[PDB]
Structure formats: structure tokens, C-alpha cells
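*Asks:* here is the sequence, then the experimental structure:
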Amino acid sequence: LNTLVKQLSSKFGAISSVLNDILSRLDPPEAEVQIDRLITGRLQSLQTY
Amino acid sequence: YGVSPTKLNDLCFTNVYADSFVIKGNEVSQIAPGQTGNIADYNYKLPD
Amino acid sequence: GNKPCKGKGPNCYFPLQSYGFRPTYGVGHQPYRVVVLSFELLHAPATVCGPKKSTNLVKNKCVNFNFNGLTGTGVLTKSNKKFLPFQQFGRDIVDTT
Amino acid sequence: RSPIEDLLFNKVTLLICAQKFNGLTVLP
């Protein structure tokens, strides 16, 4: 459980690990590109768990 | 580069610096991250 | 060059070099005035903010909060944590505010 | 509980549980 919670704070190749910071800095066409890396990383961590 | 231009008046920043100089028009395309040239590598280079 | 040219002359050159700046001079080589401005954006509380109101502090309620650009959603209470006078914001294990 | 069951209960040591607030729950 600690590994699963701690894995939530990594970037996976994005500008930041905080999602609200990504939405409040970029326009939506680049925001979706930044979000997709986080989505793939968090899906991978959930499936391994 | 890192921020959208429209979403600039609603953020709070830590360290803001401003750099003023005068260049020529062929070297306006030079001022960018990851660039070379005698005004980039020998005068003023932006990090990537 | 390999020769030690002490004093301006052959193969030894002044570093500075000023170009000609004329109003009718060629297009593309024309003078241009440039200001480049650089930031440092982080999720921590910051120093220079934008112009917004300061509302009021509401406790023991589910609200959206924004302290110095540090945004979030939750319930704000009063805690007996001994912050040192430089220490701004706390953070527990596995990096949550 | 028996005394032996109390040693078994006390010997096994079961802020960390305040950080499951990212969508995870523990069922009884």
C-alpha cells in the first residue's frame, strides 16, 4: 500500500506530477498530451499491484 | 514555453527575472532553448 | 594562431564587434529589441502572485483553498504543529501536503 | 481470551493510515 501511494508522486515524463498544476498552466491540446503520460503510469502501477 | 500565454495573469511565481538587450532580426530565431550561434553560445544561451 | 600577438594586428582580434545600425539598412539585418523573462514554477508557496482578492478564512468546512498558488480541496482546521519561522508549509510521509 | 491468546495479540504489532486518502479503502 505504501508503494502504491508513493508511486502517485512521480512524473512519468511529464512537466509535473500534480494534475491541477498541469490544467492551470497549459492550453487543453498540450494539457491532454501531458495528462496521458500520467494516465499510463498510474494504470501500470495499479495493474502491478 | 512552459506556460500558456493566456494563463499568465492567474498564476503565482517564485522567482521572476527579466533580461533586456538588442539583437538583429536574423538572430531573433536564435533566442530559444537548445540553440547554437555566436549570440547563443558566446553571448547568451537559454537552457533546454 | 600559434603566434603570441600582443597588441592588435595580424591573427589577434578584438573580442567586441559592433555592427552598423541604420534606419534604411537591409531587412532581416535590422535592429530588434528583445526582453526575455524567466520564471520558476513549483507547487510550493511562492513570492510574486497575480492580482486576486483575499476573501476570508473558513474552517471546519469542505472548501477549495488557494494559499500562495498552492491550491487544493479539503477541510482546514487549527493544529498544534511547531513550525519554525522560516518553515512555510508542512508535508507528511509519501509527499502529501 | 486465554492468557496465551493475549501474548499472541500483544506480540503482533499491527499517520500511515491517514495517507490512504487517494482512493483506497480497507474493508473490515
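*Replies:* Arrived safely. Numbers count the residues shown, from 1 in each chain, chains lettered A, B, ... in the order given.

*Asks:* around chain C, pick out the residues from chain A.
*Replies:* By Cβ under 8 Å from any Cβ of the partner chain, the residues of chain A that approach chain C are A:2, A:5, A:6, A:9, A:16, A:18, A:20, A:21, A:24, A:25. (C-beta placed from N, C-alpha, C; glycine too.)

*Asks:* let's see that with 7 Å instead.
*Replies:* Counting by Cβ under 7 Å from any Cβ of the partner chain, the positions of chain A adjacent to chain C are A:2, A:5, A:6, A:9, A:18, A:20, A:21, A:25.

*Asks:* and chain B, by the same measure?
*Replies:* Counting by Cβ under 7 Å from any Cβ, chain B sits next to chain C at B:2-3, B:9-26, B:28, B:31.

*Asks:* hmm, which of the residues of chain A next to chain C are the buried ones?
*Replies:* Buried members of the residues of chain A next to chain C, scored by 16 or more other Cβ atoms under 10 Å in any protein chain shown, are A:5, A:18, A:21, A:25.

*Asks:* report whether the first one is found in a helix, as I expect.
*Replies:* Pointing back at residue A:5 there. Yes. Under DSSP: H, G, I helix; E, B strand; the rest coil, residue A:5 sits within a helix.

*Asks:* isn't it up against residue D:21?
*Replies:* No. Using Cβ atoms under 7 Å as the test, residue A:5 is too far from residue D:21 to be in contact (9.1 Å).

*Asks:* near chain B, which residues of chain A show up?
*Replies:* A:24, A:25, A:26, A:27.

*Asks:* out of these, who's the most crowded?
*Replies:* Taking other Cβ atoms under 10 Å in any protein chain shown as the neighbour criterion, residue A:25 ranks highest of the residues of chain A next to chain B with 21 neighbours.

*Asks:* that concludes my questions; thank you for your assistance.
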